[PDB]
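Here it is, the structure, as structure tokens.
Going by the order they are written in, the chains are A, B, C, D, E, F, G, H, I, J and K; count residues from 1 in each one.
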Amino acid sequence: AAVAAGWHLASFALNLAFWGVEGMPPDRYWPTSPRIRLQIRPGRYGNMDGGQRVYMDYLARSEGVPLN
Amino acid sequence: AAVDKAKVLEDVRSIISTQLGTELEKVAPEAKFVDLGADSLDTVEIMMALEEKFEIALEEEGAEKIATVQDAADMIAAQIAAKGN
Amino acid sequence: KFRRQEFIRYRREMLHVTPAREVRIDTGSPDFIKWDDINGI
Amino acid sequence: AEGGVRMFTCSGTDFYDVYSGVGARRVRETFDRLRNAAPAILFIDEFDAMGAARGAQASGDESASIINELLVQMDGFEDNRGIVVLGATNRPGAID
Amino acid sequence: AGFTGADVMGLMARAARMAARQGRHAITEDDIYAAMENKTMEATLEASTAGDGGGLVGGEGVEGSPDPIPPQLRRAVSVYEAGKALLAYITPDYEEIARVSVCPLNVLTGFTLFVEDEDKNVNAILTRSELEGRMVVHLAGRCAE
Amino acid sequence: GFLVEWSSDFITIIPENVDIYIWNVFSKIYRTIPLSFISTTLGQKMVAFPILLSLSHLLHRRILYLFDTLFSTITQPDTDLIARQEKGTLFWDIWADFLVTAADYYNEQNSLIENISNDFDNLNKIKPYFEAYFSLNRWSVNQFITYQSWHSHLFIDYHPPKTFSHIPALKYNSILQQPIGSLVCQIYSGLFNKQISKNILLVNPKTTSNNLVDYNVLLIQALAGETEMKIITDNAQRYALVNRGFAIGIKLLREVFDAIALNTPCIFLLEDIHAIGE
Amino acid sequence: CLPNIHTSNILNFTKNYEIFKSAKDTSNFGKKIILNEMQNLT
Amino acid sequence: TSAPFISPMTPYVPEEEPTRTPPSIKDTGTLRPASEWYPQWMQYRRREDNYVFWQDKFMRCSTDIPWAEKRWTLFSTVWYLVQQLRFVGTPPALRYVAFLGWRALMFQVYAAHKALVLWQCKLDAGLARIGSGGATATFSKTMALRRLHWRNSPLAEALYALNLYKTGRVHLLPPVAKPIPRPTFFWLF
Amino acid sequence: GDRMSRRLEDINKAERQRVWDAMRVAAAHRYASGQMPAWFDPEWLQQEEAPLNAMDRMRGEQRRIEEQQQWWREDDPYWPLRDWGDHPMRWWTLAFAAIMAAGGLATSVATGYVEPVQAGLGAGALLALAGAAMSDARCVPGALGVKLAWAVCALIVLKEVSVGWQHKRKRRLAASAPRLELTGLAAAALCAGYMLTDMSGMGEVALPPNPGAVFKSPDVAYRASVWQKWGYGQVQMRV
Amino acid sequence: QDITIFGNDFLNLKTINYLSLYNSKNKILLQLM
Amino acid sequence: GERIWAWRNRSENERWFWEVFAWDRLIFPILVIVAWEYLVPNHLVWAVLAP
């Protein structure tokens, strides 16, 4: 059991030694926004004028601003 | 191109001094290399130390005709002079 | 992140249609402002 | 005719009406019609009617909106395979 | 003289850059003097060299600027700056010299940096002796050339 | 309430920073698969090393693509939006165009009445592939994008196709080596997402030649192409609008500045600053 | 700064030459076997 | 004189484009590593003459690549996997530790090589004595430096040893070693 | 300046040389099929350099040399390290071909197996042809020769260390396993010596370029060509 | 009296300034020839 | 960073190969055809016509 756990622990330690993106250059086959890479853009229907309102607070829901 | 022979001469003198064990004010800008406590298999060690200090490569024929610390300093200054081109 | 938070705040506030940006005076820093550090005064 | 392609046309007037917000949907729809009907060539007379420079008689939300949506249809997600926008003007300095 | 806080912080940044250009990491005082000289010469060559005109830089490779600045044109600049500094030294109660230099930013002129005291004539006084000494020092370069 | 969302399409209500968060977490979780696979399998015995390297790379990319497809499937329009699409297209662009032809052949509610009346009075997907004979993911070759992001409800450009071989004159201008070189060295090492922002003056001589070329834009787009970053460009004349002694655009500019401050890392171009700097 | 290259002449030729050379590899050392086939009694 | 039109006194030897990028500007011809950011000579030149550092960087990295380093072969598309592992699949910390260890090892290797070169100069000075028979106990600093910078092929040092042991002539040296070009086969490597 | 003059002069010299080489090739292809204006002297295709570059070099050389005068062979021991016109690894190729053919015949008669003599004679013949074409290292055959030689010695090393020799079969199964013997070691030394000398020839043969190499190319016709070949002729070039 | 060269005979303003300020009389005579 | 810049400039073909070509246009179609023909009983309507 110790060996079979130490494998996962070594892998987790290795993934920890990364710590971020410092050292990682940009890449053009892999942007950071999935919508650019996947060519996703809204159309005409399903467009509510006061839907933008909702949009804002959803952003405000995740940008963590407890005002909302 | 434009090289400061003063600094080069100072540091060549320092390297020679530190290599042989003679005090810096004794090694004159024209003192040859056998009179300062060095044979033939020791003028090559100080050549190596010079290359190591300045991180350049000495031309070999010009190294066969080194006799005064002035000519050593002049060879090194000419090497550093023509670096980018 | 602070810029993003304040932009979200202000844009929701103005689409719903203060400059009191006080600062706290820290004293433990080495750049602490001394009373008579000043010169020619 | 000699190119053998369907021809769509317009004018500088019907689009520069001041009913606010209508221009965006208008240009969106006409460009989508071009795309689904392509190849085709859109001829538009007195283009300088809409393509005026900034600081004109607007508050940057009606005219700017319609010419920015013209842009977004011309450059943003370009799929205009066979489409050609052939404007007609005689004051080529006034275009934004 | 005449600097403030923003000046000195921007000076520290440009001084770090000037210290990089000589293959060092620690800022020396010579890098600060070089930063002053660099700012001054860049300011003067931005005013001289403009939409076209020009004819003052010396390291651009274009038909205007020769690449190595021929040697007969370096002897002259050195003679010029030497005569100017020599006359500014032997003149009683002139400013003090901080750093003499030749070919800053590759332009074909020298640059002598003068330390002066703001409390002998408090930004307002000009006596006759001082003006005559300045005249002599400004003709010395041409005369030595 | 509930209906404004429940009757609208999915992507217009959800922000993009949310999906960017999801993607960052996924990437950070699975970014150590190749090394673990390689170490596990590897202790003519090591003629298989190329095979295990190939397998590691292919498997990592498979995981990434499976995320991509699972994402892009659940954001398609559902039954409501597809119904809206096809019946709106039958209601708008076949009936109303026949209506327009009828109107301007025959030619305010009363008018629409004689219209509705005077016109009441008078009025195998595969087969073509064989018929042609018996008688493409542009993202795979083109990774250059124009976009408007972080505020959809700014015209950024992603990965321009330039490089420093489109400006040979850089190779000789001995005053441009150090700044541009330091910029590139910083971006490639990742240390550019944590530097204080900068300002730089790009003076170019007055050019009224017969050329449409400008080497400011050329140099900066070459720098945006060499590193595969994104670039934002705007002109200053578009913000020197004043009326009644009130300059409107001069706060539009601070607004676009604090929007640039939300899409890091980026290059912001701003040309002809003397228009607001005399 | 910038050197205002379009009103120059050496910059013009050197620029166009380097761009052309960098576009694509256009060296052909394997077309010279035709030079080793000029006297054949066949 | 096969040349019909013009034949100078020196025969024409064709020139061909280079196949590898030059040593950087910073490295010595020897085995010891470099100063790892700034060379030591940069300190003895004018600030306005050290644009060659960043220019040499721009050249080796982006502007003059010899079209023989951009050949697509079956060998390079697996070396790509190796290099991409090293650059994207490893965390920079382990890379840094390996870097330090490699630097230390290379320093020790250089010290060993220098000692060996010195011993070689002794041995050759000793053998030239038997060779010429008489007075010369001398060697050539030329050959010591050429040995320290790897400028001699093995055949050259063998011929030199023979020439010393038979005729002395400690100032007659092999011509020089020429640079090795980059091997190419076909779509293979 | 004095630093841009050199750049200009090297550009000019390189361009003159390229044009003279293209001329030699096109004139050869026009004269080997009849259409040449009959004042054409086919010995001009032997002037390698260029007339202009040659006149420049001759003038400069005579000026330099005028203004500066204001086994064993005890007269030159370093006779091998001199350019004779052929590849260095040339007598090794022929020596190895002779050794291969001799060993093949010897062993295949002294045993009765038909494989060693066939392998040895094939290897000998191909290495002899290679060592013949390697006798003029400046030309194109001088390069295809080293290519053929490396290929043959590599195949020898491969067969030895991976399949072994038929005449070296025994009853056991761990002793009749392929290891590296003398001939494989010699062939490996040959491949290494070829690679360390010169194999840089014919460098324009590789896999064709992708749409990934022409993404940032400064030319539209070339990129459209590459896309069209690799199956992307319809993708829009918003470039 | 290395490589034969041909000039481009055009005199800019920056070139006129360089020649006027830093060159002798003989350089000017050559340009006029 | 400098090393990654030099390495990116010399390996554009290999990069596009491994990112766009290796699976989608080389390995996946081979695998798909072999897999389909391993299943799918030995008739003609199934082994040739529907493929």
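One rule holds for everything that comes next: a residue touches a chain if its C-beta (ideal position, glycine included) is under 8 Å from a C-beta of that chain, and two chains touch if they have at least 3 such contacts.
*Asks:* Going only between touching chains, how few steps reach chain G from chain B?
*Replies:* Tracing touching chains, the least step count from chain B to chain G comes to 2.
*Asks:* Going by C-alpha centres, which chain would you call the most central?
*Replies:* Checking distances from each chain centre to the full centroid gives G.
*Asks:* Cα centroid separation between chain F and chain H, in whole Å?
*Replies:* Here the centre of chain H sits 48 Å away from the centre of chain F.
*Asks:* Can you check how far apart chain D and chain H are, centre to centre, with Cα atoms defining each centre and the answer in Å?
*Replies:* 64
*Asks:* Using mean CA coordinates as chain centres, what's the gap between chain A and chain B in Å?
*Replies:* Whole-Å distance between the two chain centres: 61.
*Asks:* Taking each chain's centre as the mean of its CA atoms, how far is chain C from chain F in angstrom?
*Replies:* The answer is 35 Å.
*Asks:* Could you list the positions in chain B whose residues touch two or more of the other chains?
*Replies:* Counting only residues that touch two or more other chains, chain B contributes 1, 85.
*Asks:* Which residues belonging to chain K are in contact with no fewer than two other chains?
*Replies:* 1-2, 4-5, 12-13, 15, 17-20
*Asks:* Can you list every residue of chain I that touches 2 or more other chains, as numbers and ranges?
*Replies:* 3-4, 8, 201-203, 205, 207, 209-211, 213, 215, 218, 234, 236, 238
*Asks:* So in the complex, the part of chain I that touches chain D is made up of which residues?
*Replies:* Those residues of chain I that touch chain D are 234, 236, 238.
*Asks:* Applying the document's contact rule, which stretches of chain A touch chain H when the two form their complex?
*Replies:* Residues 14, 17-19, 22-24.
*Asks:* Over in the complex, which chain I residues touch chain H? Could you list them?
*Replies:* Listed in rising order, the residues are 17, 41, 43-44, 46-49, 51, 54-55, 57-58, 61-62, 72, 74, 77-78, 80-83, 138, 147, 150-151, 195-203, 205-210, 213.
*Asks:* In the complex, go through chain G and note every residue touching chain E.
*Replies:* 3-4, 8-11
*Asks:* Could you pull out which chain I residues touch chain K in their complex?
*Replies:* My answer: residues 207, 209-213, 215.
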